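One structure below.
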Amino acid sequence: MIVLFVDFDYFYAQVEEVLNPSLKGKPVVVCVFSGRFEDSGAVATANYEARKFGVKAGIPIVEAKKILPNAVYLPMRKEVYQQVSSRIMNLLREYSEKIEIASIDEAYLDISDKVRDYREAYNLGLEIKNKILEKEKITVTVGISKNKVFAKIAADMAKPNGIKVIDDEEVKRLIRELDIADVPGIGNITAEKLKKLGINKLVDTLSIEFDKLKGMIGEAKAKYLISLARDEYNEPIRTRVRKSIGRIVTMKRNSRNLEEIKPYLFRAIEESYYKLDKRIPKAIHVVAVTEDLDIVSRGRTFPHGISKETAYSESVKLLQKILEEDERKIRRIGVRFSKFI
DNA sequence: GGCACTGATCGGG
DNA sequence: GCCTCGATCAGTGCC
Ligand SMILES: Nc1ccn([C@H]2C[C@H](O)[C@@H](COP(=O)(O)OP(=O)(O)OP(=O)(O)O)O2)c(=O)n1
Ligand SMILES: [Ca+2]
Ligand SMILES: [Ca+2]
Ligand SMILES: [Ca+2]
C-alpha cells in the first residue's frame with residue numbers, strides 16, 4: 001500500500017515554545033526531576049539548539065547543566081503535551097479512516113484509498129504539515145513509503161521539519177545499503193548479536209540459515225528481519241488499544257522497610273486510578289526498580305474488576321512477595337493495571 | 001506438540 | 001525518569 005507516517009518535531013520542547021514563544025531561538029531542555037535532591041533526574045528531550053551540543057533525551061540533568069549551564073530548564077508538563085497531541089491526532093483523522101496512533105507524537109496513516117502514486121502522497125503530506133502548522137503552530141516530519149517500517153525510516157531521514165518519499169527502487173537500495181542498526185526494532189543488544197553473526201545489512205539475513213538467526217535473536221525478530229529483506233513486510237495500520245496504565249515514583253532513599261515504602265505505593269495507586277478514569281482493570285502488578293536499576297514485578301488477576309480498596313490491600317501483599325523473593329533494596333516503586341473490562 | 005499464562009527482557013518514546 | 005509502554009522470550013501448567 002501507501003503509508004504516511006507523521007512524527008512531531010522536538011515535541012515536548014516545541015510545545016513549551018508555542019506556549020511561550022520567547023523561548024524560540026534559545027536552547028530549551030525539558031526535564032524529569034525525581035526529587036532526591038537539587039537537579040536529580042533526566043532530560044526528557046531538548047530542542048535542536050540544545051541538542052546541537054549533546055544535550056539529548058535520557059542524560060542526567062546534572063550532565064546537561066555541565067554542558068549548557070545557561071539553557072532554559074523546564075519541568076515536564078506531560079498532561080499539557082498530551083492535550084496538544086490529542087488535538088493534532090484529531091486533525092490527522094480527517095485524512096484517513098485507517099490511522100495508527102503509535103505514541104504521544106507519532107501516527108501512521110494508510111492512504112492507499114486516497115492517492116494513486118507517491119507524487120500524490122507527497123502532496124498529501126505537505127497538506128498535512130500545513131494543516132498542523134495552521135491549527136496548532138507545531139512543525140512535524142512526514143515519511144512516506146510502501147510499509148510502516150520504511151515510512152518511519154523516511155521520516156527519520158528527513159527530520160527536522162521534513163518530508164521524504166522512499167520509493168520502490170530506494171527500498172531495494174536500502175535493503176542492500178542501510179545498516180541493520182538503523183532498522184526499527186534493532187537495539188544495542190540485538191545489533192551486537194547480529195554483528196557477532198556477521199550480519200550487518202538486511203540482505204545478509206537471507207543467506208544465513210534460519211536457525212543461526214532464530215537461535216541468536218529469536219523466532220519473531222528473525223521472521224521480521226527476513227520479511228523486510230525479501231521486500232515482503234506487510235503489517236496493516238491498526239487502531240491501538242491501551243493495554244496497561246500505571247505510575248512508578250522514586251523514593252527519597254533506597255529502602256526495604258514495608259512501612260517506609262507503603263506511602264509511595266499508595267500514592268502510585270491513587271495517581272493510577274486518576275489515570276484509569278472509567279477503565280476498570282482486572283489485573284494489578286506491583287513494580288519495583290532495584291538500587292541497581294533492575295526491574296522486579298509481581299501481579300494478580302481477579303475474575304472481577306479491582307476497586308481502589310482491593311488495589312490497596314492486594315498491592316501490599318504483592319509488594320511483600322517482592323521483598324521475600326529478592327533481597328536488593330528498592331529505589332522506585334509503583335503499580336500497573338491491565339486486563340480492562 | 002502446542003496453547004495459555006507469567007515475569008523478565010528488549011526496543012522504543 | 002517515566003511511560004496514554006507493548007511485543008516477545010523462556011519456563012511452566014495444561015489438554
Ligand atoms: N528517552 C525519552 C525519549 C522521548 N521522550 C518523549 C519526549 C519527546 O519529545 C517525545 C518524542 O520522541 P522523539 O523520540 O520523537 O523526540 P523529539 O520528538 O523530542 O525528537 P525529534 O524531533 O528528533 O523527533 O517523547 C521521553 O520522554 N524520554
Ligand atoms: Ca517520535
Ligand atoms: Ca518526534
Ligand atoms: Ca537504531
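By convention in this document, the chains of the C-alpha cells carry letters A, B, ... by their order, each chain's residues are numbered from 1, and ligands are numbered from 1 in the order they are shown.
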
Q: Using only C-alpha atoms (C1' of nucleotides), find the residues of chain C whose closest atom to chain A is at most 9 Å away, then write them as a VMD selection string.
A: chain C and resid 1 to 6 8 to 9

As a PDB file with C-alpha atoms, in the first residue's frame, please: all residues of stretch 64-267 of chain A that backbone DSSP puts in strand (DSSP E or B).
ATOM      1  CA  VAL A  72      16.283  27.102  29.873  1.00  0.00           C
ATOM      2  CA  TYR A  73      15.498  24.036  32.015  1.00  0.00           C
ATOM      3  CA  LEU A  74      11.755  23.362  32.287  1.00  0.00           C
ATOM      4  CA  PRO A  75       9.887  20.667  34.226  1.00  0.00           C
ATOM      5  CA  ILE A  99      -4.824   5.640  11.402  1.00  0.00           C
ATOM      6  CA  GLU A 100      -2.500   4.070  13.975  1.00  0.00           C
ATOM      7  CA  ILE A 101      -1.502   6.340  16.837  1.00  0.00           C
ATOM      8  CA  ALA A 102       1.863   4.874  17.806  1.00  0.00           C
ATOM      9  CA  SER A 103       2.806   7.173  20.665  1.00  0.00           C
ATOM     10  CA  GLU A 106       3.714   9.667  16.075  1.00  0.00           C
ATOM     11  CA  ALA A 107       0.950   8.283  13.901  1.00  0.00           C
ATOM     12  CA  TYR A 108       0.701   6.146  10.767  1.00  0.00           C
ATOM     13  CA  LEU A 109      -1.984   6.636   8.103  1.00  0.00           C
ATOM     14  CA  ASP A 110      -2.860   4.170   5.387  1.00  0.00           C
ATOM     15  CA  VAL A 140       6.350  17.867  12.101  1.00  0.00           C
ATOM     16  CA  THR A 141       8.146  15.463   9.778  1.00  0.00           C
ATOM     17  CA  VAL A 142       6.500  13.196   7.214  1.00  0.00           C
ATOM     18  CA  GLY A 143       7.820   9.901   5.891  1.00  0.00           C
ATOM     19  CA  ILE A 144       6.149   8.029   3.030  1.00  0.00           C
ATOM     20  CA  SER A 145       6.775   4.551   1.602  1.00  0.00           C
ATOM     21  CA  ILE A 163       9.119  15.272   4.195  1.00  0.00           C
ATOM     22  CA  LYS A 164      10.576  12.379   2.204  1.00  0.00           C
ATOM     23  CA  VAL A 165       9.499   9.515  -0.025  1.00  0.00           C
ATOM     24  CA  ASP A 179      22.925  -0.647   8.312  1.00  0.00           C
ATOM     25  CA  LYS A 201      22.884  -5.347   6.178  1.00  0.00           C
ATOM     26  CA  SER A 244      -1.831  -1.016  30.705  1.00  0.00           C
ATOM     27  CA  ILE A 245      -1.868   2.099  32.878  1.00  0.00           C
ATOM     28  CA  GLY A 246       0.325   2.758  35.879  1.00  0.00           C
ATOM     29  CA  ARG A 247       2.637   5.019  37.844  1.00  0.00           C
ATOM     30  CA  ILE A 248       6.065   4.439  39.335  1.00  0.00           C
ATOM     31  CA  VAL A 249       7.634   7.031  41.631  1.00  0.00           C
ATOM     32  CA  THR A 250      11.093   7.488  43.093  1.00  0.00           C
ATOM     33  CA  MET A 251      11.599   7.169  46.830  1.00  0.00           C
ATOM     34  CA  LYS A 252      13.638   9.722  48.772  1.00  0.00           C
ATOM     35  CA  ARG A 253      16.091   6.938  49.642  1.00  0.00           C
ATOM     36  CA  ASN A 254      16.511   3.241  48.843  1.00  0.00           C
ATOM     37  CA  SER A 255      14.751   1.006  51.370  1.00  0.00           C
TER      38      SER A 255
END

Q. Which residue, A:160, A:24, A:87, A:126, has the smallest gap to ligand 3 when you use only C-alpha atoms and all ligand atoms?
A. A:160

**Q.** Site check for ligand 3: residues at most 8 Å away, only C-alpha atoms (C1' of nucleotides) and all ligand atoms, as a PyMOL selection string
**A.** chain A and resi 7-11+105-106+140

Store the residues picked out above, limited to C-alpha atoms, as an mmCIF file, in the first residue's frame.
data_model
loop_
_atom_site.group_PDB
_atom_site.id
_atom_site.type_symbol
_atom_site.label_atom_id
_atom_site.label_comp_id
_atom_site.auth_asym_id
_atom_site.auth_seq_id
_atom_site.Cartn_x
_atom_site.Cartn_y
_atom_site.Cartn_z
ATOM 1 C CA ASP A 7 6.419 12.425 13.754
ATOM 2 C CA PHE A 8 6.208 15.721 15.722
ATOM 3 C CA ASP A 9 9.488 17.704 15.985
ATOM 4 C CA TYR A 10 11.280 18.007 19.375
ATOM 5 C CA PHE A 11 7.757 17.633 20.647
ATOM 6 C CA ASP A 105 3.977 12.215 18.947
ATOM 7 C CA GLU A 106 3.714 9.667 16.075
ATOM 8 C CA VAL A 140 6.350 17.867 12.101
#

Q | Cut-off 6 Å, only C-alpha atoms (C1' of nucleotides) and all ligand atoms, neighbours of ligand 4 as number ranges by chain | A | A: 181-182, 186-187

Q: Excluding stretch 1-6 of chain B and residues on its chain fewer than 5 positions from it, collect all residues at most 10 Å away from it, counting only C-alpha atoms (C1' of nucleotides), and give them as a ChimeraX atom specification.
A: /A:298-299 /C:11-15

Please save N, CA and C atoms (P, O5', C5', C4', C3', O3' and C1' of nucleotides) of the selected residues as a CSV table (one decimal), in the first residue's frame.
chain,number,residue,atom,x,y,z
A,298,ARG,N,5.4,-8.3,40.5
A,298,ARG,CA,4.5,-9.4,40.8
A,298,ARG,C,3.1,-9.0,40.6
A,299,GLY,N,2.2,-9.9,40.2
A,299,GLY,CA,0.9,-9.5,39.8
A,299,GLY,C,-0.2,-10.5,40.3
C,11,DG,P,14.4,-22.0,29.7
C,11,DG,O5',13.1,-21.8,30.6
C,11,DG,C5',13.3,-21.2,31.8
C,11,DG,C4',12.0,-21.3,32.6
C,11,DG,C3',11.6,-22.8,32.8
C,11,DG,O3',11.1,-22.9,34.2
C,11,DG,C1',9.8,-21.7,31.9
C,12,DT,P,10.9,-24.4,34.8
C,12,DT,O5',9.3,-24.6,34.6
C,12,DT,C5',8.4,-24.1,35.6
C,12,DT,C4',6.9,-24.2,35.1
C,12,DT,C3',6.4,-25.5,34.6
C,12,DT,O3',6.1,-26.5,35.7
C,12,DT,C1',5.6,-23.7,33.3
C,13,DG,P,5.0,-26.3,36.8
C,13,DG,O5',3.7,-26.1,36.0
C,13,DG,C5',2.6,-25.6,36.7
C,13,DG,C4',1.3,-25.5,35.9
C,13,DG,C3',0.5,-26.7,35.8
C,13,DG,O3',-0.9,-26.3,36.1
C,13,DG,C1',0.8,-26.0,33.6
C,14,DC,P,-2.0,-27.4,36.4
C,14,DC,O5',-2.6,-27.7,34.9
C,14,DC,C5',-3.3,-26.7,34.2
C,14,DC,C4',-3.4,-27.1,32.8
C,14,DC,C3',-4.1,-28.5,32.6
C,14,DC,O3',-5.5,-28.4,32.5
C,14,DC,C1',-2.3,-28.0,31.0
C,15,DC,P,-6.4,-29.7,32.5
C,15,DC,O5',-6.5,-30.1,31.0
C,15,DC,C5',-7.0,-29.2,30.0
C,15,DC,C4',-6.9,-29.8,28.6
C,15,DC,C3',-7.1,-31.3,28.4
C,15,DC,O3',-8.5,-31.5,28.1
C,15,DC,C1',-5.1,-30.6,27.2

(Q) Just want the 10 Å neighbourhood of residue A:325, counted on only C-alpha atoms (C1' of nucleotides), with same-chain residues fewer than 4 positions away dropped. Output as a list in words. (A)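 Counting only C-alpha atoms (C1' of nucleotides), the residues come to residues 296, 320 and 321 of chain A.
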
Deliver the residues from the most recent selection as a file, using N, CA, C and O atoms, as a short mmCIF file (atom, residue, chain, number, x, y, z; two decimals), in the first residue's frame.
data_model
loop_
_atom_site.label_atom_id
_atom_site.label_comp_id
_atom_site.auth_asym_id
_atom_site.auth_seq_id
_atom_site.Cartn_x
_atom_site.Cartn_y
_atom_site.Cartn_z
N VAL A 296 11.78 -5.62 39.06
CA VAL A 296 11.09 -6.79 39.54
C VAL A 296 9.61 -6.46 39.61
O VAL A 296 9.25 -5.31 39.83
N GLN A 320 5.01 -7.46 49.33
CA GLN A 320 5.62 -8.37 50.28
C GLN A 320 6.25 -9.55 49.55
O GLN A 320 7.35 -9.97 49.89
N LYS A 321 5.56 -10.06 48.54
CA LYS A 321 6.12 -11.15 47.75
C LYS A 321 7.44 -10.72 47.11
O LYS A 321 8.38 -11.50 47.04
#

With only C-alpha atoms (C1' of nucleotides) considered, list every residue of chain B at most 12 Å from chain A, as a PDB file with N, CA, C and O atoms (P, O5', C5', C4', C3', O3' and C1' of nucleotides), in the first residue's frame.
ATOM      1  P    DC B   5      -5.404 -17.365  29.178  1.00  0.00           P
ATOM      2  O5'  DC B   5      -4.753 -17.222  30.621  1.00  0.00           O
ATOM      3  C5'  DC B   5      -3.501 -16.587  30.638  1.00  0.00           C
ATOM      4  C4'  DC B   5      -2.509 -17.271  31.543  1.00  0.00           C
ATOM      5  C3'  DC B   5      -1.647 -16.224  32.229  1.00  0.00           C
ATOM      6  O3'  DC B   5      -1.821 -16.237  33.628  1.00  0.00           O
ATOM      7  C1'  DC B   5      -0.289 -17.911  31.189  1.00  0.00           C
ATOM      8  P    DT B   6      -1.585 -14.892  34.460  1.00  0.00           P
ATOM      9  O5'  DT B   6      -0.002 -14.862  34.699  1.00  0.00           O
ATOM     10  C5'  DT B   6       0.676 -15.864  35.457  1.00  0.00           C
ATOM     11  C4'  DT B   6       2.178 -15.620  35.420  1.00  0.00           C
ATOM     12  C3'  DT B   6       2.586 -14.157  35.591  1.00  0.00           C
ATOM     13  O3'  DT B   6       3.175 -13.982  36.861  1.00  0.00           O
ATOM     14  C1'  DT B   6       3.816 -15.211  33.829  1.00  0.00           C
ATOM     15  P    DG B   7       3.670 -12.525  37.319  1.00  0.00           P
ATOM     16  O5'  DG B   7       5.226 -12.517  36.943  1.00  0.00           O
ATOM     17  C5'  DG B   7       6.132 -13.341  37.662  1.00  0.00           C
ATOM     18  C4'  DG B   7       7.482 -13.228  36.992  1.00  0.00           C
ATOM     19  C3'  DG B   7       8.113 -11.846  37.079  1.00  0.00           C
ATOM     20  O3'  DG B   7       9.476 -12.065  37.318  1.00  0.00           O
ATOM     21  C1'  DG B   7       7.807 -12.388  34.805  1.00  0.00           C
ATOM     22  P    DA B   8      10.502 -10.837  37.363  1.00  0.00           P
ATOM     23  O5'  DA B   8      11.286 -10.963  35.982  1.00  0.00           O
ATOM     24  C5'  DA B   8      12.092 -12.110  35.740  1.00  0.00           C
ATOM     25  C4'  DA B   8      12.774 -11.971  34.395  1.00  0.00           C
ATOM     26  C3'  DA B   8      13.614 -10.708  34.211  1.00  0.00           C
ATOM     27  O3'  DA B   8      14.856 -11.047  33.555  1.00  0.00           O
ATOM     28  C1'  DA B   8      11.941 -10.813  32.532  1.00  0.00           C
ATOM     29  P    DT B   9      15.995  -9.929  33.317  1.00  0.00           P
ATOM     30  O5'  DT B   9      15.808  -9.536  31.791  1.00  0.00           O
ATOM     31  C5'  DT B   9      15.664 -10.598  30.872  1.00  0.00           C
ATOM     32  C4'  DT B   9      15.350 -10.060  29.492  1.00  0.00           C
ATOM     33  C3'  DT B   9      16.144  -8.824  29.079  1.00  0.00           C
ATOM     34  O3'  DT B   9      16.837  -9.181  27.885  1.00  0.00           O
ATOM     35  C1'  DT B   9      13.833  -8.534  28.606  1.00  0.00           C
ATOM     36  P    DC B  10      18.025  -8.259  27.319  1.00  0.00           P
ATOM     37  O5'  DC B  10      17.345  -7.489  26.101  1.00  0.00           O
ATOM     38  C5'  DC B  10      16.704  -8.241  25.089  1.00  0.00           C
ATOM     39  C4'  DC B  10      15.850  -7.306  24.266  1.00  0.00           C
ATOM     40  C3'  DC B  10      16.556  -5.997  23.931  1.00  0.00           C
ATOM     41  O3'  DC B  10      16.770  -5.983  22.524  1.00  0.00           O
ATOM     42  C1'  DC B  10      14.289  -5.636  24.685  1.00  0.00           C
ATOM     43  P    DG B  11      17.511  -4.741  21.824  1.00  0.00           P
ATOM     44  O5'  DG B  11      16.327  -3.712  21.547  1.00  0.00           O
ATOM     45  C5'  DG B  11      15.440  -4.107  20.507  1.00  0.00           C
ATOM     46  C4'  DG B  11      14.383  -3.057  20.293  1.00  0.00           C
ATOM     47  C3'  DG B  11      14.964  -1.665  20.073  1.00  0.00           C
ATOM     48  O3'  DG B  11      14.471  -1.117  18.866  1.00  0.00           O
ATOM     49  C1'  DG B  11      13.326  -1.662  21.811  1.00  0.00           C
ATOM     50  P    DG B  12      14.825   0.396  18.462  1.00  0.00           P
ATOM     51  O5'  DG B  12      13.724   1.255  19.215  1.00  0.00           O
ATOM     52  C5'  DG B  12      12.413   1.207  18.705  1.00  0.00           C
ATOM     53  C4'  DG B  12      11.554   2.016  19.630  1.00  0.00           C
ATOM     54  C3'  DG B  12      11.998   3.464  19.741  1.00  0.00           C
ATOM     55  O3'  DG B  12      11.362   4.273  18.755  1.00  0.00           O
ATOM     56  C1'  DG B  12      11.210   2.498  21.808  1.00  0.00           C
ATOM     57  P    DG B  13      11.515   5.875  18.805  1.00  0.00           P
ATOM     58  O5'  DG B  13      10.389   6.335  19.846  1.00  0.00           O
ATOM     59  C5'  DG B  13       9.013   5.987  19.738  1.00  0.00           C
ATOM     60  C4'  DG B  13       8.300   6.666  20.889  1.00  0.00           C
ATOM     61  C3'  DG B  13       8.512   8.176  20.992  1.00  0.00           C
ATOM     62  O3'  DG B  13       7.281   8.823  21.314  1.00  0.00           O
ATOM     63  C1'  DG B  13       9.185   7.146  23.020  1.00  0.00           C
TER      64       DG B  13
END

Q | Point-to-point distance from atom CA of residue A:173 to atom CA of residue A:211, Å rounded to tenths | A |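 Those two atoms sit 26.3 Å apart.
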
Q: May I have all residues of stretch 87-328 of chain A that DSSP, computed from the backbone, assigns to alpha helix (DSSP H), given as a VMD selection string?
A: chain A and resid 87 to 92 118 to 136 148 to 158 168 to 177 188 to 195 210 to 217 219 to 229 258 to 276 308 to 324

Q.
Report, in Å to a single decimal, how far apart atom 3 (C, counted along the ligand's line) of ligand 1 and atom CA of residue A:154 are.
A.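 Computing the Euclidean distance for atom CA of residue A:154 and atom 3 (C, counted along the ligand's line) of ligand 1 yields 19.0 Å.
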
Q) At what distance in Å, to one decimal, does atom CA of residue A:234 lie from atom CA of residue A:91? A)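 Interatomic distance here is 25.9 Å.
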